[PDB]
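**Student:** here is the sequence, then the experimental structure:
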Amino acid sequence: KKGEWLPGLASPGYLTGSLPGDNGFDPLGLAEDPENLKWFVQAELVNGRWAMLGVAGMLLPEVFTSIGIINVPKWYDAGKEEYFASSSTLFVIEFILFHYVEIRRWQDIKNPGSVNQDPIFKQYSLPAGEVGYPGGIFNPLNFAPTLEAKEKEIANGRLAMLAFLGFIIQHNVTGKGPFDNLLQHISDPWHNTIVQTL
Amino acid sequence: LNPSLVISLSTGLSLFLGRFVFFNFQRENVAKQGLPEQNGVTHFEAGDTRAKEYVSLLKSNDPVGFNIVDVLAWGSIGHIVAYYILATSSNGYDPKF
Amino acid sequence: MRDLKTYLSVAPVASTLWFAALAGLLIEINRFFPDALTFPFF
Amino acid sequence: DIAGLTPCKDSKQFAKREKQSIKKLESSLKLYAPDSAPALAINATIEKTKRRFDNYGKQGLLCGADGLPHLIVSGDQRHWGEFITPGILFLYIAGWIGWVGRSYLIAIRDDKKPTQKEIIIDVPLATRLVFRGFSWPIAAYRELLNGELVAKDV
Amino acid sequence: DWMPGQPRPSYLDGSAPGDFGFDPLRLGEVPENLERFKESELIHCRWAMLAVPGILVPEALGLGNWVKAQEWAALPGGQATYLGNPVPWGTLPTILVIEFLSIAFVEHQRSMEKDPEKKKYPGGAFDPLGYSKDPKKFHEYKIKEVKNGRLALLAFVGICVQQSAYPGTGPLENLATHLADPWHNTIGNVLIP
Ligand code: CLA
Ligand code: CLA
Ligand code: CLA
Ligand SMILES: CC(/C=C/C=C(C)/C=C/[C@@]12O[C@]1(C)C[C@@H](O)CC2(C)C)=C\C=C\C=C(C)\C=C\C=C(C)\C=C\[C@@]12O[C@]1(C)C[C@@H](O)CC2(C)C
Ligand SMILES: CC1=C(/C=C/C(C)=C/C=C/C(C)=C\C=C/C=C(C)/C=C/C=C(C)/C=C/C2=C(C)CCCC2(C)C)C(C)(C)CCC1
Ligand SMILES: CCCCCCCCCCCCO[C@@H]1O[C@H](CO)[C@@H](O[C@H]2O[C@H](CO)[C@@H](O)[C@H](O)[C@H]2O)[C@H](O)[C@H]1O
């Protein structure tokens, strides 16, 4: 019993139950090949983490602004705002940095343990971890990376990926912010719904 | 501007380069590339009566082997460069920068 | 019964069902969204 | 505008075409009692005509001297709705169909009589496989990388 | 290793000067081509190491940038100026014939020698100070030349691409334009018009 996304339905044989978040869910057989399964485990990790941060930074500044504690533009209107650098400059910075980091992480995906040390400072390396869970400086509070911890990371990541999808599609149809949508719904739910939104 | 000057300079420099500069390169390339051959054998050995090369004219008492054919080739180059610079000087052509 | 489902699975019959469904679909789409040289939603 | 064309919203010939079409249908309409069903049909064609020309004018189609839309397929971002976007949609659907059919052929190829399922469709298997086409680009990209897309030494 | 985590090519053991294992297209798979590439790479590195200051220093002075310093030859009666001095032979056909004969002779002299190790590092008259003394220090100087020259090549690429992104500029003019407002003067504006 590892949990069933469809109760009656059996699990694909290639989902052992050793992966965190394994509810037996691969109806289109994308992870039948094991290398695909590894790659998609890293992909779900990174999409889920970025989605958690993004959903947070999209929803919380809005609810803070609407309460009045602070004044922050809407997540979609944040792009148009004026900043201390040209947005092109911001982009080139972001691209160079991500181009370095992502390629180091990728080196770890292909050849695990190969990028664990600082190439500048030959000391201050990383301990040997698992692909997708770098230890050392990346875990300063030194929490125990066990199951239920990884399972919670994946659960909040999946809920946050769905959340982000809901944010972009919602804002497309409603022209407002996600917390604005929640207020509008809680107002009169039976008459404020995607049914009435269309 | 003076045709005799440009033609004499260009042809003298061409003969000079072909004599003291590019002669060894020329000879090693014409030696490794060799005579044209059909079916693994030269055109004359294959039976073309008129494909025998002329060794009489190619003999020169010039110590290095520079001969009449070398004169004709390099001098031809020098005259083509010469009439190039002559014709190109009297142009009046100027591109708009 | 099993043999009849088998017959209904045969190439020409499955083809008429499949293309008839596809035709009804495309017809209705051109009924609610007629003309259209372009994808207007961008 | 592009290629010497003019927007159809600004084209005299385009509006002349809409006018002549509508007046033509109204010439047909003068023959029938306005309550009759032929009349309502010609009115529906007229409303559909106005919808047509108004939509072509709205969505930014350029017109030739002929007063007819011309499509800009160069890739100019002002006209991706004329080719590039419906083109990506097409490639998604065609890739879906071909990927599903290939999945079926691979699935039945080791059967005891393969041709048997090519002339009598295994509909349960087909239904199992149709929705693999939803993710066909990831599946085919992963197969290309893994070396499962192309047969070896053929 | 140029890219940590990547298996070095089979034919790059690290012994060569400037060999960090970079040949992702396996262009040095054949050894003859690789040796030719070491020679040609050093030639480009040295031309670049000479040409970069020749591009920058006249710009720091009142003389024009590296682009303007070629411009008299476009117009017919053009005469060059070296340090503001209208040099008499500055006409284009003059210095053009001069350049062809001189450059052709010298470089062709390199074409007619095949050691092949002398085609990379000849020395002799070209090492009068004798920096080839200590073979360890001479080899470290080989790494020195190769990294310096690769750096100069990259810089030259920056100069040409900046020149295309700001026609009629100077590397130091571009630099000053950046120093004015680094956060609003960037390649970002050229990449994103
Ligand atoms: C991530 C979870 C999540 C949550 C709890 C909400 C919540 C809400 N949505 Mg949203 N939405 C989501 C995901 C979510 N949505 C996704 C993934 C999409 C992309 C299709 C959308 C797109 C969407 C649209 C277009 C609209 C809403 C709207 C609404 C509001 C009214 C509900 C409604 O009208 O129909 C709900 C619409 C859906 C598409 C439901 C899909 C959500 C799936 C089924 C996951 C939820 C199941 C989950 C187990 C039950 C709740 C768990 C939760 C507590 C975490 C409401 C506050 C309406 C609105 O904004 O009001 C003006 C509306 O117009 N949503
Ligand atoms: C034409 C100049 C040139 C030449 C002949 C060489 C030759 C060589 N390099 Mg070098 N290198 C160069 C430029 C050059 N390099 C530059 C500019 C850099 C800085 C990025 C480096 C940095 C470098 C490193 C770190 C290493 C080498 C190595 C090598 C050796 C093995 C690789 C090989 O055989 O590829 C042969 C190369 C060619 C046949 C040239 C191909 C050029 C193609 C056709 C076009 C290139 C387009 C270019 C990207 C344009 C972009 C500019 C702009 C317009 C965007 C070899 C002898 C490896 C080695 O073992 O060192 C000995 C190694 O570790 N190189
Ligand atoms: C930082 C650049 C650099 C470095 C480290 C080297 C390194 C080396 N070179 Mg090389 N070379 C360079 C640039 C460089 N070179 C340039 C620009 C050229 C001109 C195209 C050459 C052409 C060249 C040849 C033909 C030969 C070498 C040789 C050698 C090797 C032994 C001699 C030596 O160590 O010289 C020591 C170098 C220095 C002490 C650097 C001095 C820098 C000062 C500031 C001079 C710069 C002044 C000015 C800016 C440039 C004008 C000078 C010009 C008029 C000559 C050695 C590995 C010889 C060899 O192969 O040995 C067997 C040899 O045959 N080099
Ligand atoms: C990365 C992500 C979102 C990241 C958002 C970010 C960074 C937001 C950034 C910013 O907000 C800040 C912070 C500040 C704002 O001012 C500006 C923006 C720019 C807005 C979402 C991923 C979202 C990813 C999603 C939704 C993925 C969904 C995948 C699904 C459902 C797949 C399911 C299946 O594949 C299985 C598992 C098995 C198969 O057999 C069957 C099928 C069904 C195919
Ligand atoms: C004896 C001797 C000597 C001398 C020599 C001499 C003096 C020489 C001469 C030589 C020469 C001096 C030669 C020449 C020339 C050649 C040729 C071969 C030519 C040509 C021409 C041409 C080919 C032309 C063409 C054309 C035409 C016709 C038309 C148009 C224009 C043109 C150009 C195209 C010495 C001392 C050194 C040494 C010892 C011995
Ligand atoms: C998904 C992972 C990677 C995602 C990468 C996303 C990259 C996004 C690139 C955004 C490009 C920024 O694009 C640039 O934005 C700036 C900032 O508003 C706009 O600039 C605008 O506002 C600035 C504010 O001073 C004015 O100077 C300018 O006149 C005006 O146009 C530029 O006109 C636009 O060219």
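**Tutor:** Thanks, I have it. Numbers count the residues shown, from 1 in each chain, chains lettered A, B, ... in the order given. Ligands and ions are numbered 1, 2, ... in the order given.
**Student:** SS state for whatever residue of chain A ends up closest to ligand 4?
**Tutor:** Nearest residue of chain A to ligand 4 (CB to the nearest ligand atom) works out as residue A:54 at 2.2 Å. Heads up, the C-betas are built off the backbone N, CA and C, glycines and all. Under DSSP: H, G, I helix; E, B strand; the rest coil, the three-state class of residue A:54 is helix.
**Student:** residues near the residue lying closest to it once chain neighbours are set aside, how many?
**Tutor:** Excluding its sequence neighbours, the residue lying closest to residue A:54 (CB to CB, 6 or more residues apart in numbering or on different chains) is residue A:164, at 5.7 Å. By the measure other CB atoms under 10 Å in any protein chain shown, the count of residues near residue A:164 is 19.
**Student:** okay, helices next: where are they in chain B?
**Tutor:** B:3-16, B:23-33, B:55-58, B:68-89 (DSSP state H).
**Student:** just to revisit the earlier point, is any part of the helix or strand that contains the residue nearest to residue A:54 close to ligand 6?
**Tutor:** According to DSSP states H and E, residue A:164 maps onto helix A:149-174. No. Using CB under 6 Å from any ligand atom, helix A:149-174 stays clear of ligand 6, coming no nearer than 12.4 Å.
**Student:** same for that helix, what does it pack against?
**Tutor:** helix A:34-67, helix A:178-187, helix A:194-197 (3 or more CB pairs under 8 Å, 6 or more residues apart in numbering or on different chains; DSSP states H and E).
**Student:** for residue E:46, find the nearest of those helices.
**Tutor:** Checking those against residue E:46 by CB to CB gives helix A:34-67 as the closest, at 45.1 Å.
**Student:** could you give the angle of the closest one to helix A:149-174?
**Tutor:** Calculated by axes from the mean of the first three to the mean of the last three CA atoms, to 10 degrees, helix A:34-67 forms an angle of 60 degrees with helix A:149-174.
**Student:** what residue in chain B comes nearest to ligand 3?
**Tutor:** Closest point on chain B to ligand 3, by CB to the nearest ligand atom, is residue B:21, at 20.3 Å.
**Student:** grab the nearest non-local neighbour of that residue.
**Tutor:** Using CB to CB, 6+ apart, the nearest residue to residue B:21 is residue E:105, at 6.2 Å.
**Student:** for chain E, what lies in contact range of chain D?
**Tutor:** Counting by CB under 8 Å from any CB of the partner chain, chain E comes close to chain D at no residue.
**Student:** which residues of chain E lie near ligand 2?
**Tutor:** Residues of chain E lying near ligand 2 (CB under 6 Å from any ligand atom): E:2, E:12, E:16, E:18-23, E:27-28, E:34, E:37-38, E:40-41, E:44, E:150, E:153-154, E:157.
**Student:** of those, keep whichever come out buried.
**Tutor:** Among the residues of chain E next to ligand 2, those classed as buried by 16 or more other CB atoms under 10 Å in any protein chain shown are E:12, E:18-19, E:21, E:23, E:28, E:38, E:41, E:150, E:153.
**Student:** which residues are in contact with the residue nearest to residue A:54?
**Tutor:** For residue A:164, the contact set (CB atoms under 8 Å, 6 or more residues apart in numbering or on different chains) comprises A:51, A:54-55, A:58.
**Student:** go again with 7 Å.
**Tutor:** A:51, A:54-55 (CB atoms under 7 Å, 6 or more residues apart in numbering or on different chains).
**Student:** reformat those as a markdown table; add neighbour count and distance to ligand 2.
**Tutor:** Listed next are the contacts of residue A:164 as a markdown table, based on neighbours: other CB atoms under 10 Å in any protein chain shown; distance: CB to the nearest ligand atom, whole Å:
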| residue | neighbour count | distance to ligand 2 |
| --- | --- | --- |
| A:51 | 21 | 35 |
| A:54 | 16 | 34 |
| A:55 | 22 | 39 |
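**Student:** distance check, the residue nearest to the spatial centre of chain E against chain D.
**Tutor:** In chain E, the residue lying closest to the centroid (CA atoms, centre = their mean) is residue E:48, at 1.2 Å. According to CB to the nearest CB, to the nearest Å, residue E:48 and chain D sit 37 Å apart.
**Student:** surely that residue is in contact with residue E:152?
**Tutor:** Yes. Using CB atoms under 7 Å, residue E:48 makes contact with residue E:152 at a distance of 3.8 Å.
**Student:** excluding covalently adjacent residues, which one is nearest to the residue most central in space within chain B?
**Tutor:** Centroid-nearest residue in chain B: residue B:73, 2.1 Å away (criterion: CA atoms, centre = their mean). For residue B:73, ignoring the flanking residues on the chain, the nearest one in space by CB to CB, 6+ apart is residue B:18 at 7.2 Å.
**Student:** next one: the closest residue to residue E:184 other than its chain neighbours from residue A:5, what distance?
**Tutor:** Nearest residue to residue E:184, sequence neighbours excluded (CB to CB, 6+ apart): residue A:86, at 4.5 Å. According to CB to CB, to the nearest Å, residue A:86 and residue A:5 sit 47 Å apart.
**Student:** could you pull out the helices for chain E?
**Tutor:** Under DSSP H, chain E gives helices at E:31-60, E:92-111, E:117-120, E:135-165, E:171-180, E:187-191.
**Student:** which other helices and strands contact the fourth one?
**Tutor:** If you count contacts as 3 or more CB pairs under 7 Å, 6 or more residues apart in numbering or on different chains; DSSP states H and E, helix E:135-165 packs onto helix E:31-60, helix E:171-180.
**Student:** of all residues in chain C, which one is closest to ligand 2?
**Tutor:** Closest contact between chain C and ligand 2, by CB to the nearest ligand atom, is at residue C:42 (33.3 Å).
**Student:** helix, strand or coil for that residue?
**Tutor:** Following three-state DSSP, residue C:42 is assigned to coil.
**Student:** so what's it up against?
**Tutor:** Residues near residue C:42 by CB under 7 Å, 6+ apart: residue D:81.
**Student:** equivalent analysis for residue B:42, please.
**Tutor:** residue B:35.
**Student:** thinking again about what came up before, mind checking how far the residue nearest to residue A:54 is from chain E?
**Tutor:** Taken as CB to the nearest CB, the span from residue A:164 to chain E is 25 Å.
**Student:** and residue A:144, by the same measure?
**Tutor:** 28 Å.
**Student:** and that residue, that's in a helix?
**Tutor:** No. With three-state DSSP as the criterion, residue A:144 is assigned coil and is not in a helix.
**Student:** skipping its backbone neighbours, what lies nearest the residue of chain B found nearest ligand 4 in space?
**Tutor:** Nearest residue of chain B to ligand 4: residue B:97, at 47.5 Å (CB to the nearest ligand atom). Residue nearest to residue B:97 in three dimensions, not counting chain neighbours: residue E:74, with 5.0 Å by CB to CB, 6+ apart.
**Student:** do I have it right that that neighbour meets residue B:94?
**Tutor:** No. With contact defined as CB under 7 Å, residue E:74 does not count as touching residue B:94 (8.1 Å).
**Student:** not counting stretch D:134-142 itself, show me its contacts.
**Tutor:** Outside stretch D:134-142, the residues within contact range by CB under 7 Å, 6+ apart are A:28, A:30, A:36, D:95-96, D:99, D:132, D:149.
**Student:** buried ones among those?
**Tutor:** Neighbour counting by 16+ other CB under 10 Å classes A:28, A:30, A:36, D:96, D:99, D:132 among the contacts of stretch D:134-142 as buried.
**Student:** and the two most separated of the residues you listed?
**Tutor:** Farthest pair in these (CB to CB) is A:36 and D:96. Separation: 19.2 Å.
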